[PDB]
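Engineer: give me a model of this one.
(6 chains)
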Amino acid sequence: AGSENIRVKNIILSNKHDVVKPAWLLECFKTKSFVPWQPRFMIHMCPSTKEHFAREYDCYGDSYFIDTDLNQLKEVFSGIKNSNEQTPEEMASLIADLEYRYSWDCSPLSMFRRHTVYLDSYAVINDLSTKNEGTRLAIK
Amino acid sequence: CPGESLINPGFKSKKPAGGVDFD
Amino acid sequence: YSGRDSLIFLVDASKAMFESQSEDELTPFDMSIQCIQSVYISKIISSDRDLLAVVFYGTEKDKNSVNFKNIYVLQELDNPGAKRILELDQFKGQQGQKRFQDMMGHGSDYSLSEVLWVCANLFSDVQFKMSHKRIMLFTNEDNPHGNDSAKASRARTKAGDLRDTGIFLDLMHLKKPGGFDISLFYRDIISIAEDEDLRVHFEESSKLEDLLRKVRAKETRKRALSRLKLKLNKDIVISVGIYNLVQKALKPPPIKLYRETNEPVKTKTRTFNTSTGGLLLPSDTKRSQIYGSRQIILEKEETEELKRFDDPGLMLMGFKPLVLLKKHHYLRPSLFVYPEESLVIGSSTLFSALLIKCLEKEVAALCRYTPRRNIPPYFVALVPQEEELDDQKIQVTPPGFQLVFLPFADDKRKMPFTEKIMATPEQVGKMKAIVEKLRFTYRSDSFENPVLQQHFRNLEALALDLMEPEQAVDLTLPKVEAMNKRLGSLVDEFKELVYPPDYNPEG
Amino acid sequence: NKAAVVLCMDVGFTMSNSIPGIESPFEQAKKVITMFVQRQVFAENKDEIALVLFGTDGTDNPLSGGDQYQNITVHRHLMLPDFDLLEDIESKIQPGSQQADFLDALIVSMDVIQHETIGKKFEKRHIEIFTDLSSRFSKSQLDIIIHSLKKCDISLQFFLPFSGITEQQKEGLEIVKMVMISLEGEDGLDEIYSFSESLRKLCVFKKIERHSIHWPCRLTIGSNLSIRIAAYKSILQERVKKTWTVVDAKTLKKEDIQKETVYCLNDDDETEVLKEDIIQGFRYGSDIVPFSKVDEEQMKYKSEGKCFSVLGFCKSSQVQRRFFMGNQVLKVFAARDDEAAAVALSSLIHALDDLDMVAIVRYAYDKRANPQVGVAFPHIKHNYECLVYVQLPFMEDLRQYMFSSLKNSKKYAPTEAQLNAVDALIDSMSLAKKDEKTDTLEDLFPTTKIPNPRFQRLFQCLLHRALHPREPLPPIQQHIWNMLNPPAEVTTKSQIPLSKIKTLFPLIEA
DNA sequence: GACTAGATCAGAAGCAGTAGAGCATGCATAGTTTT
DNA sequence: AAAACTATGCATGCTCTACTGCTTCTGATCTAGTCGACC
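Structural biologist: Numbers count the residues shown, from 1 in each chain, chains lettered A, B, ... in the order given. Structure data below:
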């Protein structure tokens, strides 16, 4: 059922069956093969199918035993909702840790992250009331 | 004739249920 | 009133109907489609045997029996259903407007004479008996033919012919940029020109609001439960009709469907003996009852003969003062008794005399009632009922007799004996204040059955494939917050004055 | 509930003969006992009946001794009534030629009650003595009899052929009156009945009686006031508690019969469809929409159960009797053994009665019951006061029919003579009498005191079939027709007015 | 001659309403077992 | 000897399946009238 109408919601409210996005039929017909289900298609699982998937699939669509492709990672990155439970300092520390561990510092960007930069944009040092906006230093 | 139903001819247009309206 | 109501929805498809004066407002076409859908749903719930049709004029395509130009008959007269509502649902918005323009077309000329001719032809095709014939014209052009006078005369002649045939014409005018003036042209076409309906209207007609008010209660036409004989004596007999002014509304019975194709399945019950396994006709069985350690066997015919006391009808017994009747002796919903001159001539005069003199003397006619054959008698009281009319002269209480069922000795029950504790005047006064605070006016039509309303909402949602069912507001639920606000400190004072400090009613 | 009745009769020759113009006393006693046993058999109250006779040549008593306690037979011990007892009284009971003293009969009856009473919870014990008082009285043990009767709490009733008697009968009546005075006193004089009076009362089968279940709840006005209440059902349409059982015409057994349901499709092949593949649906206009039961329960209207709430208060005039709905009337009292609730409910009842107002309320029996909107109005009597609840209509249940007016109809306008004839008819057929001394209305034909004739007919037919297996059913008894018809005076007075009405009103069948 | 159209009677199907039977819920009461 | 757990009977509501009566639709029949073509 490709539309979340009342009937689909009723079938959801009973855990006795599972719903599949119509694209599954399209994939089956195009390949003429019985391609199994994957998290991308399904819109709800029975408890038993949930147990089956949890063994070969994480809580997110990304799988355990098969490599990933850019499209699949895009689907995964479109799955979950959001996460805003951090603070700038915590996020920065996480990013620095990741870069240091996995050796991505050679990338053109993020190379000033480890450095904190100050400027002489104030007539008096440590004075926020004397902003000197209107100069090339701002764009720098 | 007055106050007749525009959906079911021959029947008077019933006023909508108002529940309890305290004075 | 016998037959079916036939209704035709004419909708203009000119350019002026597809423009929105303000950004946040509905185009005339969208309003018309909403009204059509609302009437369809109301008809499905209320009268499912009525005929509705939908026609368009001003289009580029054509589809009609006469092969006229610029007239598209979208739906011919047939009973309402979900498929037709879904078919109309594809014109409900801007994308729906584009779809309508692609499918049929818009912005073409037309002649009202041809449109009315097609409507009359649609009426002629119907093979049932139609009690009413109605056309509603949804338009916002007050002068459809200002350039051509001949077309106007043809339209006037056709409208006159249709009126003569017995077809009602109604104009549901929609908002116009410059204002709608019925005075120009539509006076002659319209069936009835009200005195107040002569000024220029700057807003859509007040009939659209009534159309969009969804009716979700079955409307049953007048019908007599039985035609009986009232027998004052073995020689004096009059004919009466029995009606039910109050009848419990039940959900429509479920039907059994086959799961693989949703096709109905018929059921049959049969009884077969355990040993032989063959079918047993109803004539090969008896009836039994155990009493006093014995088995008593009777045939079915005798079992039914046990119930035969007297022939169907009402038998007069005497007259009783209305005081001796009791309100707490209610047994069964009351009925209405009215004269009937079809079977016996002269019944109306005697019935009127009895009603008048019963009202004058304040008496009720005691009678023995046997509705059908093989039904034991009951005792009924016919209480006179005068005619009462409201301000608008619409009758609210009909004239006749109210048939009230009286109980037998077996129908009452014995109550446990309870000692009486009377209340001191102060408690009664405080409770009088509480009662006076929560006073309100009651009418018989001030409440709705939540179960039936929810059932109809759910059925509509399932049929039309809506996102979620609409939730009905339950008017039977008490308004706790308002009552608390109004009463104020009265409740606390009453509880202090009537309940001991440590009572705990909940526990 | 339980009750043991020891019927002590006599079969002495003194009743074998009587005036030919009236039925013999023995026949009267036999008829009375037959009627009582019939009522007990067809009213399953679990009471028990034992039958003793004194005045028979046989001698069978638990206590024999010498010449005393002789000529008395305990025909039937204490068990539930059954048709075998009716057959026994039909034939086994036979007259006799010997006499006996009813005092000894009372002794043996009390002895039987005492012996057999143990082991069962029979809370009441009645002994009925059917004697003509012709035999002499051996008044030598009255004090011990009275002492035992008072100790055992046993009631005694007498049945005599008289309400022109011999001196011996007068002495018997005197001793009986003395005994009744000793047992109870003045009121005892009303416990001595005659055969005609008893036959009058025992001519009707016992009415179907059921016990109402006490329904507890809390009457709420707002969110802070609650009164604990108990509701009972006062008026309902009674139905037979037993239903007919279909049996096979040869073996006369229900075990050889059972029903089956078969589902088939709408096709010539007539395919068979199982019950596990039949879904529920409804019709929406010209189509059918599937709606499974599981989804129906999911989307159903769910309400908190056991609600008795006060929506509001309205003038009594706005609630009319013709709009009452339902099939029951409820009586609402304060919760048992609760003085505070009693005071609260009394205050509410008195307030509503004084202000001439009723309470519009919401009612729900339980979770599975549909909600209802009803009216509760006060009911104040000289001994008890309560609320009475009756259901009220919804919007969907009202029917708007239009009827022509008869007052202003030229075709059907009555004349003065016709109205006078109708007035005379109404005055002649009055069913209420206005006593001027008390200025009070008396009901000549009370309908609420008439037992349902349907059950009378049913029990008569069943009894006749049990006792006469091969015989056609009888007709309706005369007394049933008499009690469904008005007193003869009303019919007698109404003939002349009816003739006048026939003369003045032309009625032509079509 | 042939054929069509209007009116009418009878039978049948659909619908409404009542009655009767069956199925699930809860508790009253008592009995029986345990401590 | 007293308290807790369980069995069975009965009241209660709701739901589902036959039977009677009213209203409407169809078929069948009869009666009256029209048209083609001749004379």
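Engineer: ok, the nearest residue to residue D:364 once chain neighbours are set aside - contacts?
Structural biologist: For residue D:364, ignoring the flanking residues on the chain, the nearest one in space by C-beta to C-beta, 6 or more residues apart in numbering or on different chains is residue D:307 at 4.4 Å. All C-beta atoms are positioned from the backbone trio N, CA, C, and that covers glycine. Taking C-beta atoms under 8 Å, 6 or more residues apart in numbering or on different chains as the contact definition, residue D:307 lies against D:217, D:362, D:363, D:364, D:371.
Engineer: hmm, the second one is touching residue D:305, no?
Structural biologist: No: shown here, residue D:362 and residue D:305 do not form a contact pair, counting by C-beta atoms under 8 Å, at 11.9 Å.
Engineer: of the two, who's got more company?
Structural biologist: residue D:362 (20 against 13; other C-beta atoms under 10 Å in any protein chain shown).
Engineer: which helix or strand contains residue D:120?
Structural biologist: According to DSSP states H and E, residue D:120 maps onto no helix or strand at all.
Engineer: could you look up the SS state of the spatially most central residue of chain C?
Structural biologist: Central residue of chain C (C-alpha atoms, centre = their mean): residue C:219, 2.2 Å from the mean position. Using DSSP: H, G, I helix; E, B strand; the rest coil, the structure places residue C:219 in coil.
Engineer: and it, backbone torsions?
Structural biologist: phi -110, psi 110 (degrees, to the nearest 10).
Engineer: hang on, it packs against residue B:8?
Structural biologist: Yes: taking contacts as C-beta under 8 Å, residue C:219 lies within contact range of residue B:8: 4.9 Å.
Engineer: can you check which residues contact both of these two?
Structural biologist: In contact with both residue C:219 and residue B:8: C:46, C:47, using C-beta under 8 Å, 6+ apart.
Engineer: tell me, how many residues neighbour residue 14?
Structural biologist: Defaulting to chain A. Neighbourhood size, residue A:14 [other C-beta under 10 Å]: 12.
Engineer: you looked at the wrong chain, it should be chain C
Structural biologist: For residue C:14, the number of neighbouring residues by other C-beta under 10 Å comes to 20.
Engineer: got the contact list for it?
Structural biologist: Residue C:14 neighbours (C-beta under 8 Å, 6+ apart): C:58, C:106, C:107, C:141.
Engineer: contacts for stretch D:52-59?
Structural biologist: Against stretch D:52-59 from outside (C-beta under 8 Å, 6+ apart): D:6-12, D:70-75, D:93, D:96-100, D:102, D:104-105, D:108-109, D:112.
Engineer: quick check: end-to-end length of it?
Structural biologist: Terminal residues of stretch D:52-59 lie 11 Å apart, using C-alpha to C-alpha, to the nearest Å.
Engineer: repeat for stretch C:200-216
Structural biologist: 34 Å.
Engineer: return the distance of the nearest residue to residue D:47 once chain neighbours are set aside relative to chain B.
Structural biologist: Spatially, and ignoring its direct neighbours in sequence, residue D:47 is nearest to residue D:3 (4.4 Å; C-beta to C-beta, 6+ apart). Remark: distance between residue D:3 and chain B (C-beta to the nearest C-beta, to the nearest Å) = 52 Å.
Engineer: what of residue C:128?
Structural biologist: Counting by C-beta to the nearest C-beta - residue C:128 and chain B are separated by 16 Å.
Engineer: so who does that residue touch?
Structural biologist: Contact analysis of residue C:128 by C-beta under 8 Å, 6+ apart lists C:3, C:4, C:51.
Engineer: again, but for residue C:225
Structural biologist: So residue C:225 contacts C:242, C:243, C:244, C:335, C:371 (C-beta under 8 Å, 6+ apart).
Engineer: just the buried ones among the residues you listed, please.
Structural biologist: C:242, C:243, C:244, C:335 (16 or more other C-beta atoms under 10 Å in any protein chain shown).
Engineer: keep only the residues you listed that also lie close to DNA strand E.
Structural biologist: residue C:244 (C-beta under 7 Å from any atom of the strand).
Engineer: among the buried ones among the contacts of residue C:225, which pair sits farthest apart?
Structural biologist: Comparing all pairs in these by C-beta to C-beta, the longest separation belongs to C:242 and C:244, at 7.8 Å.
Engineer: what's the nearest residue to residue C:217 if we skip its chain neighbours?
Structural biologist: Residue C:217 sits nearest to residue D:396 (C-beta to C-beta, 6+ apart), 4.5 Å away.
Engineer: from DNA strand F, how far off is the one you found?
Structural biologist: 15 Å (C-beta to the nearest atom of the strand, to the nearest Å).
Engineer: what's the helix or strand for residue A:104?
Structural biologist: Short version: residue A:104 belongs to no helix or strand, going by DSSP H and E.
Engineer: pretty sure residue C:81 is touching residue D:288, no?
Structural biologist: No: judged on C-beta under 8 Å, residue C:81 makes no contact with residue D:288 at a distance of 10.1 Å.
Engineer: where do the helices sit along chain A?
Structural biologist: Under the criterion DSSP state H, helices of chain A are mapped to A:6-13, A:23-31, A:47-56, A:70-79, A:88-102, A:136-139.
Engineer: a markdown table for those, including mean neighbour count?
Structural biologist: Output for the helices of chain A, formatted as a markdown table (neighbours: other C-beta atoms under 10 Å in any protein chain shown):
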| stretch | mean neighbour count |
| --- | --- |
| helix A:6-13 | 16 |
| helix A:23-31 | 11 |
| helix A:47-56 | 12 |
| helix A:70-79 | 12 |
| helix A:88-102 | 11 |
| helix A:136-139 | 8 |
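Engineer: for residue D:190, find the nearest of the ones you listed.
Structural biologist: With C-beta to C-beta, the closest approach to residue D:190 among those belongs to helix A:6-13: 71.2 Å.
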